[PDB]
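Below: one structure, written as structure tokens.
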Amino acid sequence: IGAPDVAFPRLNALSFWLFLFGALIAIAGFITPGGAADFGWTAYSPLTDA
Amino acid sequence: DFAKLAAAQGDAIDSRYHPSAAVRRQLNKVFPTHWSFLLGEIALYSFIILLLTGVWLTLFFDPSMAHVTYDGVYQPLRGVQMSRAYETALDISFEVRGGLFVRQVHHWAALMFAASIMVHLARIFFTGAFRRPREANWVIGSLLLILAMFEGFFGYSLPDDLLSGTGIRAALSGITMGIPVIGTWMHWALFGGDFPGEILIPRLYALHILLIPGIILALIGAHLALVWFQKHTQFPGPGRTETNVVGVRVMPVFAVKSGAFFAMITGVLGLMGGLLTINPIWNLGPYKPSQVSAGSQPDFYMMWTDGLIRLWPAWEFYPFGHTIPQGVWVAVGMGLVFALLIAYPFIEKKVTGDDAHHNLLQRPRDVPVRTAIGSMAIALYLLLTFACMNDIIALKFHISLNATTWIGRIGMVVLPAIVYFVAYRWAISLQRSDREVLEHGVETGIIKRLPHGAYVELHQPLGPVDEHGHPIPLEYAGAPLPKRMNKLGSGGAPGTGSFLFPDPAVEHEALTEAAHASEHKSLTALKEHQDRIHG
Amino acid sequence: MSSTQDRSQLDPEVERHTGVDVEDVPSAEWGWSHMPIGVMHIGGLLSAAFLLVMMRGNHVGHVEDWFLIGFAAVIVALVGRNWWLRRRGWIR
Amino acid sequence: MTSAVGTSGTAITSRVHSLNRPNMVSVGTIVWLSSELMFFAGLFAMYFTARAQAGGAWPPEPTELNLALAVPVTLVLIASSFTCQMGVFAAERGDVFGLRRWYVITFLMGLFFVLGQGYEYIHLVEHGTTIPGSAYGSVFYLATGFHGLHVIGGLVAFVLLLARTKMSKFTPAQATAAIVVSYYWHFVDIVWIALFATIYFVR
Amino acid sequence: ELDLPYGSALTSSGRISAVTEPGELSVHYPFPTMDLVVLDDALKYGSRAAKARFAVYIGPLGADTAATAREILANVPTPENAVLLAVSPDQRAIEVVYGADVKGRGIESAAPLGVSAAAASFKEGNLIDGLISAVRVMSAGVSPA
Amino acid sequence: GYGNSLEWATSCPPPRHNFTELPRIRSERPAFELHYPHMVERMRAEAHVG
Amino acid sequence: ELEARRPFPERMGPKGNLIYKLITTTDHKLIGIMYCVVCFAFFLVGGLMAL
Amino acid sequence: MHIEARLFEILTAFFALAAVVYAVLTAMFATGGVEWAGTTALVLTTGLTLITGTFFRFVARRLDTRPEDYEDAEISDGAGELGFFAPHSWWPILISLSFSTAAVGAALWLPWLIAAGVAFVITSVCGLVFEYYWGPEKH
Amino acid sequence: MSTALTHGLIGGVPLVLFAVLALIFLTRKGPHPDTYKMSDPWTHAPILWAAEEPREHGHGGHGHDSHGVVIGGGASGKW
Ligand SMILES: CC(C)=CCC/C(C)=C/CC/C(C)=C/CC/C(C)=C/CC/C(C)=C/CC/C(C)=C/CC/C(C)=C/CC/C(C)=C/CC/C(C)=C/CC1=C(C)C(=O)c2ccccc2C1=O
Ligand SMILES: CC(C)=CCC/C(C)=C\CC/C(C)=C/CC/C(C)=C/CC/C(C)=C/CC/C(C)=C/CC/C(C)=C/CC/C(C)=C/CC/C(C)=C\CC1=C(C)C(=O)c2ccccc2C1=O
Ligand SMILES: CCCCCCCCCCCCCCCC(=O)O[C@H](COC(=O)CCCCCCC[C@@H](C)CCCCCCCCC)COP(=O)(O)O[C@H]1[C@H](O)[C@H](O)[C@H](O)[C@@H](O)[C@@H]1O
Ligand SMILES: CCCCCCCC/C=C\CCCCCCCC(=O)OC[C@H](COP(=O)(O)OCCN)OC(=O)CCCCCCCCCCCCCCC
Ligand code: HEM
């Protein structure tokens with residue numbers, strides 16, 4: 001579009017780091033003894049409750 | 001007539017003695033006003049609070065293993081065999097007004113003492129406040145840190161407790177008794193016999209109220225005297241050279257701000273002693289060899305030694321009819337840690353080759369290898385400290401205990417290397433950022449050039465500008481550079497009225513003009529002094 | 001504009017004429033900036049050796065040994081890559 | 001450093017000249033608020049599903065809404081929105097201290113609203129209804145308490161913006177920051193109006 | 001004035017916005033990427049010790065070889081402290097030129113050594129290897145100002 | 001070659017702020033018009049033929 | 001009439017020039033590259049699960 | 001901003017139609033009447049796009065034709081002072097780390113860690129917002 | 001079915017296909033020009049290479065001026 005930068009260039013930096021760290025703590029389920037989430041990607045309700 | 005009384009007392013002092021010259025020297029002594037130079041003052045103030053609270057605690061503490069049934073006020077421990085040390089610690093907690101608060105603020109002051117010693121050590125190591133001069137100061141400071149560690153170790157072990165007695169049984173007994181040639185002999189000399197010997201707590205009480213604190217006081221006196229007469233080093237700056245101290249004199253400003261900082265530090269310690277519970281010995285039953293908990297950790301300053309014990313991989317050697325337990329491994333590890341810490345300045349000077357009398361600090365970025373090594377060491381220390389806490393880490397953060405142990409084991413050789421590489425590159429990139437700021441000016445908002453659609457950040461040079469737009473690059477001078485026009489004279493004059501209402505325009509203009517004049521005067525004074533020194 | 005340039009004369013004393021250069025580490029003259037590559041290579045090799053040696057222990061487990069093998073292998077691979085590249089003059 | 005390479009009296013200025021161009025900060029804030037509307041849409045969907053599956057008596061017998069305490073708080077939130085708009089007018093002008101006064105009273109009234117919501121929460125919990133206690137209790141608490149968290153975030157934004165105005169001179173940048181904070185507050189009060197009409201009147 | 005035969009246009013500013021067909025390259029240098037990298041490594045840090053801009057000119061330098069070498073050196077960004085080694089295989093000629101600041105730093109002594117290395121490598125049949133060898137020898141000979 | 005969308009009106013590693021220039025933006029292919037001015041008339045003539 | 005270019009472009013770059021950018025990156029171009037590398041790393045991690 | 005506003009106006013029209021038709025065809029011809037989840041979601045995404053489009057239309061009427069909106073607009077027309085775009089900053093990573101701490105505290109139900117993460121989030125958001133307003137240190 | 005057969009198949013068919021495709025594609029002449037032979041005439045345009053090694057005052061072009069060529073010696077050779 002011919003712009004020099006994004007509208008909020010510190011915000012898009014935050015977006016990447018939120019992605020990276022948010023992604024890591026989801027992967028972190030593996031290191032736990034139980035493992036990651038059993039329920040599929042969809043994570044249907046009754047199977048997901050406590 | 002307070003003025004008359006003060007004048008008469010001054011005349012009396014200067015007649016009985018003649019301290020005018022010495023007192024004037026002390027008052028005129030200049031101290032740099034860097035915040036990182038208050039880190040040692042934090043430790044000093046925490047030590048003073050420790051002394052003041054320790055006197056109060058000694059007025060009520062009874063060191064002895066003499067068994068007694070409580071028969072006190074705390075109901076959940078009544079009729080239970082306990083030592084007089086535990087009984088009187090419970091008495092301080094419950095049956096003495098403010099005793100719980102005093103012991104809690106004492107323990108919090110111990111924790112802050114250790115933490116501030118660690119932070120001060122980080123400051124000096126990373127800023128190079130130990131090379132050529134002050135190397136002996138660093139050495140005695142390392143001794144001081146070790147003494148503080150063991151002082152806290154004996155302190156929280158002083159009230160014979162389940163947790164602290166278990167910690168003693170682990171470290172003091174097992175490690176001491178595993179040492180090959182003289183281990184059992186040292187154990188028996190220290191404990192007057194087997195582990196539960198009836199003199200351990202009295203001996204630790206002596207060591208902890210008089211002997212070790214006396215040595216700490218003597219070494220703190222030596223430390224402060226050395227800092228006083230080997231004038232405090234300073235970061236590179238406008239008027240700061242290796243043969244001067246730029247800052248504020250002792251009397252008007254430094255003394256008042258140091259006293260205020262002492263007040264605020266003791267306020268933080270008192271607030272924590274009130275609001276945060278530290279070492280609930282009443283919850284921690286009396287020591288019994290058959291009883292134990294799952295936590296079993298020492299204070300955070302000995303947590304790295306405990307983590308070393310946990311992580312080291314159970315390597316035992318059995319010479320001819322003998323045993324060399326795994327305790328010797330951790331003992332030698334601690335010995336190496338302390339030897340390296342004490343001998344670093346001499347190790348650094350032998351390696352690099354610099355024996356020049358250094359009075360100007362160097363920013364940690366400006367010394368990539370040393371900041372990298374310090375980051376590596378801090379990473380190893382944090383790894384060990386969290387390894388000691390792997391039990392609670394595993395419990396709360398759901399990670400298998402074996403997984404935490406082996407994470408520590410692998411990391412203690414992987415994480416230090418990763419942190420070393422990252423810190424080295426980070427320091428070099430901070431240098432590169434400083435150089436880019438020097439050669440291009442500070443960054444600002446973007447502008448679209450008139451004829452064509454070029455985008456230029458519209459920098460702001462920090463030095464003389466060439467005939468054309470680009471400036472003459474400056475040379476790095478070892479001092480921080482302003483990377484935001486925020487921190488320069490740009491958008492910094494809000495209406496000086498108040499938070500809710502304005503002030504008259506005449507008053508606002510007078511105030512802002514006077515402030516601008518004062519800034520000009522300060523900057524001009526620094527510039528002229530710098531020119532006079534370097535010309 | 002409200003900032004004054006800094007003049008600094010720190011006492012110097014290796015003379016930095018060999019090792020690292022300002023183009024690589026801008027503040028080479030201002031502090032210790034060069035760690036000999038042999039030191040880091042030997043450190044990596046000894047770290048890998050320690051990881052491998054920790055396999056010998058009182059653990060009935062096996063994923064622990066495999067993690068040690070993997071970490072030692074990647075450490076040795078990094079050290080070998082660095083040594084080979086520097087031998088050839090930082091090629092490939 | 002003769003005078004400056006960037007001929008600006010503020011290290012930070014409006015991200016585009018708003019007189020002829022849209023305010024980027026305002027546009028981004030409006031879009032993000034439109035997304036928070038969908039967050040509250042998810043919460044509303046939860047509440048409405050629970051309402052539909054209720055067996056006629058939507059607020060169970062133990063629970064009983066307290067309009068006596070729910071009408072004053074919503075009225076106070078509307079008043080807070082009005083005072084926030086007055087502060088916006090001050091910010092559109094150069095009235096730094098007028099903006100500060102208006103936003104301070106807005107923050108005080110928002111804190112009063114939060115405290116009133118907490119009081120109603122305490123009363124409701126005492127009188128049976130609880131998040132685990134009932135589906136009505138849980139959906140009501142999720143909706144209204146997430147709104148309360150948003151109100152707390154707005155309060156934090158208010159105090160933070162006031163600190164910013166204290167520390168730097170008032171400029172179109174800070175005026176726009178106040179404007180977008182007011183946009184957030186208005187969105188919060190609008191979603192509160194929706195939640196009030198749904199929970200209490202519509203039931 | 002004429003831009004590249006196709007697809008290259010002068011822009012609002014001085015810069016010429018050029019294009020290349022999708023399948024083909026831009027540098028078109030007739031040397032392996034690795035050997036170009038090695039020569040660049042030489043010129044870059046094997047010459048950092050010399051602290052004098054080392055330059056290589058493979059193009060043909062005809063007529064009076066010395067004078068054409070002088071002016072192609074002039075074309076170097078900083079001829080003041082520069083050392084240009086020019087090789088014309090169309091003429092089987094080597095010419096080394098130096099800036100005024102590059103004097104008495106061992107450059108003059110290194111001149112025959114570098115030219116001899118280049119000539120030896122060329123008669124062996126390796127233009128790029130000869131260029132690298134000459135650059136190395138000259139950089140070793142030249143001392144920083 | 002024959003690229004468009006204005007991202008090809010700048011050096012392949014784009015300068016910080018994406019641009020030292022901006023071509024005359026007339027259609028959805030500013031860079032194509034920039035690099036092939038002769039096509040500018042052609043791109044309009046054949047546009048509607050489909 | 002001729003340009004003095006490098007034989008080859010800079011391969012990698014000086015030690016310590018990227019690490020601090022990544023932390024302080026505010027150029028969308030670098031962030032987009034960080035996205036691509038990090039996102040692709042998760043492709044390999046997530047893809048390894050499928051195997 | 002006519003086209004920018006009209007895009008959201010079109011989205012609002014479509015989403016309003018979808019919400020209305022879904023609500024009607026779910027109130028009647030569904031097993032249990034109105035679904036009350038899809039209906040609310042459609043209504044409030046209509047609200048999302050309606051808010052955005054209304055603001056864009058207000059701005060379009062408030063602003064004269066920008067060069068960006070104007071066909072046949074020369075580069076020089078828009079050439080001028082673009083506003084402040086934040087340069088390098090390390091506060092975003094700290095905000096992300098603080099929010100990750102709060103998130104793990106929520107996942108592993110650790111109220112202490114949730115409180116610490118929220119405190120860090122407040123601190124880092126304050127740092128980001130004040131980054132370009134912290135006046136020079138006054139000593 | 002034939003556990004060993006299935007394992008060998010899943011482990012080998014990817015390898016065989018990779019080898020075949022590498023032989024097809026990696027063994028094709030690249031776009032990089034072939035190395036210049038000394039015997040062949042020099043057809044490429046003149047190539048001036050420079051180190052970019054030292055610091056050059058300021059990056060700004062203006063102010064550099066043209067002090068002069070300031071020659072500082074010479075050399076010659078004929079392979
Ligand atoms: C020896 C050793 C290090 C073994 C490895 C075990 C270990 C520490 C693993 C990491 C712990 C974590 C972070 C678990 C969460 C799940 C996980 C691993 C997610 C992925 C990690 C990752 C790379 C995330 C990306 C973003 C990021 C950096 C997130 C970090 C999130 C966190 C938890 C930050 C804070 C770090 C932290 C406090 C870890 C626990 C350490 C300790 C000693 C806490 C002490 C402590 C405890 C244990 C209390 O119970 C408590 C109760 C009431 C008041 C106070 C406290 C208190 O202070
Ligand atoms: C229930 C119960 C028992 C509760 C009580 C708890 C308990 C047991 C004990 C704590 C109770 C108490 C007594 C708390 C307060 C402790 C205390 C003395 C605080 C003083 C701070 C205070 C009140 C300040 C008021 C504000 C004000 C006007 C300040 C300016 C005037 C003052 C007070 C100046 C004091 C200056 C000061 C800190 C002197 C310390 C003397 C010492 C030991 C060293 C001096 C010294 C310093 C301080 C350096 O920094 C230094 C740095 C480098 C080289 C050398 C030195 C050096 O020699
Ligand atoms: C200058 C000093 C400033 C210090 C301020 C002091 C803050 C005071 C906190 C609030 C008052 C404390 C009341 C004392 C009574 C009390 O203890 O408080 C519990 C609560 O406890 C919790 O959960 C935590 C609740 C979360 C809020 C408090 C978190 C404060 C932390 C963040 C402050 C310390 C700093 C740490 C930073 C760490 C972060 C690192 C990044 C409440 O009861 P309860 O909840 O039922 O306890 C359960 C047993 O029963 C049950 O067996 C047992 O199983 C448990 O479940 C237990 O919780
Ligand atoms: C958590 C982390 C663990 C804790 C870390 C703290 C311990 C201290 C840290 C690091 C020490 C090793 C440093 C690196 C040593 C460098 C070796 C070398 O090759 O020598 C080169 C030098 C430069 O000379 P140059 O004219 O600049 O020439 C440039 C040539 N490229 O030569 C010399 O003067 C010195 C030669 C001899 C040095 C001996 C130093 C060690 C003394 C024994 C103390 C124990 C060491 C424990 C190690 C962990
Ligand atoms: C020099 C640094 C010192 C440190 C790091 C330190 C540390 C500690 C710690 C952590 C405790 C445990 C308190 C508890 O568990 O409630 C303790 C106990 C104690 N300390 Fe110290 N202390 C120091 C100096 C002193 C001094 C100077 C005295 C005497 C004037 C003293 C007297 C005591 C006494 C009597 C106890 C027992 C209190 C109890 O059992 O609750 N300490 N010390």
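Labels for the structure tokens follow display order: chains A, B, ..., residues from 1 in each chain, ligands from 1.
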Worksheet entry | Non-local contacts of region 188-199 of chain D (8 Å; only C-alpha atoms; under 2 positions in same chain excluded) as a list in words | residues 37, 40, 74, 77, 78, 81, 140, 143, 144, 147, 150, 151, 184, 185, 186, 201, 202 and 203 of chain D
Practice prompt. Name all residues at most 10 Å from residue 10 (chain G) (count only C-alpha atoms; drop same-chain ones fewer than 3 positions away) and give them as a PyMOL selection string.
Written response: (chain E and resi 37+40-41+44) or (chain G and resi 6-7+13-14)
Save the residues we just selected, C-alpha atoms, as a PDB file, in the first residue's frame?
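Result went into result29.pdb, see below:
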ATOM      1  CA  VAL E  37      32.646 -15.274  -1.240  1.00  0.00           C
ATOM      2  CA  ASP E  40      35.015 -10.913  -0.591  1.00  0.00           C
ATOM      3  CA  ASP E  41      36.214 -12.388   2.709  1.00  0.00           C
ATOM      4  CA  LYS E  44      36.795  -7.411   3.724  1.00  0.00           C
TER       5      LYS E  44
ATOM      6  CA  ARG G   6      31.441  -5.984  -3.320  1.00  0.00           C
ATOM      7  CA  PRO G   7      32.286  -9.344  -4.933  1.00  0.00           C
ATOM      8  CA  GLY G  13      26.564  -9.677   9.374  1.00  0.00           C
ATOM      9  CA  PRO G  14      28.644  -8.551  12.346  1.00  0.00           C
TER      10      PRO G  14
END
Discussion item. Which residues are near residue 88 (chain D)? Cut-off 12 Å, only C-alpha atoms, ignore same chain within fewer than 6 positions. Put them as a PyMOL selection string.
Written reply: chain D and resi 81-82+94-103+106+174-183+185-186
Discussion item. Could you tell me how far CA of residue 67 (chain H) sits from CA of residue 443 (chain B), in Å to one decimal place?
Written reply: 26.9 Å
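Between CA of residue 16 (chain D) and CA of residue 28 (chain D) the interatomic distance comes to 12.9 Å.
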Discussion item. For residue 37 (chain C), find every residue with an atom within 12 Å (counting only C-alpha atoms), except residues of its own chain fewer than 3 positions away, and show them as a list in words.
Written reply: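 My list of contacting residues is residues 19, 20, 34, 40, 41, 42, 43, 44, 79, 82, 83, 86 and 87 of chain C.
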Give me a file of those residues, with N, CA and C atoms, as a PDB file, in the first residue's frame.
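Ended up saving to selection.pdb:
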ATOM      1  N   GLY C  19      43.523 -10.212  18.139  1.00  0.00           N
ATOM      2  CA  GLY C  19      42.289 -10.732  18.697  1.00  0.00           C
ATOM      3  C   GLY C  19      41.065 -10.193  17.991  1.00  0.00           C
ATOM      4  N   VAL C  20      40.304  -9.347  18.677  1.00  0.00           N
ATOM      5  CA  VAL C  20      39.097  -8.760  18.121  1.00  0.00           C
ATOM      6  C   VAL C  20      39.408  -7.338  17.672  1.00  0.00           C
ATOM      7  N   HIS C  34      37.192 -10.365  23.734  1.00  0.00           N
ATOM      8  CA  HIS C  34      37.562 -11.545  22.958  1.00  0.00           C
ATOM      9  C   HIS C  34      37.753 -12.725  23.900  1.00  0.00           C
ATOM     10  N   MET C  40      36.012 -21.845  23.923  1.00  0.00           N
ATOM     11  CA  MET C  40      34.604 -22.178  23.738  1.00  0.00           C
ATOM     12  C   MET C  40      34.441 -23.558  23.111  1.00  0.00           C
ATOM     13  N   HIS C  41      35.321 -23.923  22.177  1.00  0.00           N
ATOM     14  CA  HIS C  41      35.253 -25.253  21.580  1.00  0.00           C
ATOM     15  C   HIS C  41      35.475 -26.330  22.633  1.00  0.00           C
ATOM     16  N   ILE C  42      36.512 -26.166  23.455  1.00  0.00           N
ATOM     17  CA  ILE C  42      36.805 -27.157  24.483  1.00  0.00           C
ATOM     18  C   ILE C  42      35.701 -27.173  25.529  1.00  0.00           C
ATOM     19  N   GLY C  43      35.140 -26.009  25.853  1.00  0.00           N
ATOM     20  CA  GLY C  43      34.035 -25.972  26.793  1.00  0.00           C
ATOM     21  C   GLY C  43      32.821 -26.719  26.281  1.00  0.00           C
ATOM     22  N   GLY C  44      32.485 -26.531  25.006  1.00  0.00           N
ATOM     23  CA  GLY C  44      31.380 -27.277  24.428  1.00  0.00           C
ATOM     24  C   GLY C  44      31.646 -28.769  24.403  1.00  0.00           C
ATOM     25  N   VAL C  79      29.763 -27.458  17.860  1.00  0.00           N
ATOM     26  CA  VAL C  79      31.201 -27.256  17.992  1.00  0.00           C
ATOM     27  C   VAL C  79      31.914 -27.675  16.715  1.00  0.00           C
ATOM     28  N   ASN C  82      31.271 -25.101  13.912  1.00  0.00           N
ATOM     29  CA  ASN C  82      32.062 -23.893  14.114  1.00  0.00           C
ATOM     30  C   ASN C  82      33.526 -24.142  13.779  1.00  0.00           C
ATOM     31  N   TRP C  83      34.081 -25.246  14.281  1.00  0.00           N
ATOM     32  CA  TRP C  83      35.489 -25.536  14.044  1.00  0.00           C
ATOM     33  C   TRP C  83      35.763 -25.736  12.561  1.00  0.00           C
ATOM     34  N   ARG C  86      35.543 -22.322  10.678  1.00  0.00           N
ATOM     35  CA  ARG C  86      36.717 -21.491  10.919  1.00  0.00           C
ATOM     36  C   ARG C  86      37.967 -22.090  10.291  1.00  0.00           C
ATOM     37  N   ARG C  87      38.065 -23.418  10.233  1.00  0.00           N
ATOM     38  CA  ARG C  87      39.186 -24.044   9.544  1.00  0.00           C
ATOM     39  C   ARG C  87      39.190 -23.670   8.071  1.00  0.00           C
TER      40      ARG C  87
END
